[PDB]
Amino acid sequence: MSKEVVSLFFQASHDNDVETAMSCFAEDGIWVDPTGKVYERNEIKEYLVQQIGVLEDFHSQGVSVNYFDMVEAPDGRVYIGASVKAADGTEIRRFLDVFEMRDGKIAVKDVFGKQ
């Protein structure tokens, strides 16, 4: 369940199905960015559209995002990591996500950034 909610969200976000991705969130679901800014359920839909817009710009510029290892903690926290290398393979940024899960819905998306 826990992983499955987090799995679909990404796949859906890759397939521009904003709807299903938004379904995985509870109405009190939040999204906290590397810098600690909280996005309410009001603010998520807009943000996520900007976010799939970024990934496009990456694929357009040969910049390759390299995901790795989606895993569930005993409490239900699901971890995944991202690595953003350029065209040559030079890593420009790392990112990590922790997903607090609640009632089979995403309660918090928590992004940490490797500036």
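Residue numbers here begin at 1 and follow the sequence given.
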inquiry  = If you take the mean CA temperature factor per stretch, which one wins between 10-18 and 93-101?
reply    = 10-18
query = Do the CA atoms of 52-60 or those of 25-33 have the higher mean B-factor in the entry?
reply = 52-60
inquiry  = Sorting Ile44, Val65, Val38, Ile80 by Cα temperature factor from the record, which one lands on top?
reply    = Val65
request  = Going by the recorded CA B-factors, say which third of the chain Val5 sits in, lowest, middle or highest.
outcome  = middle
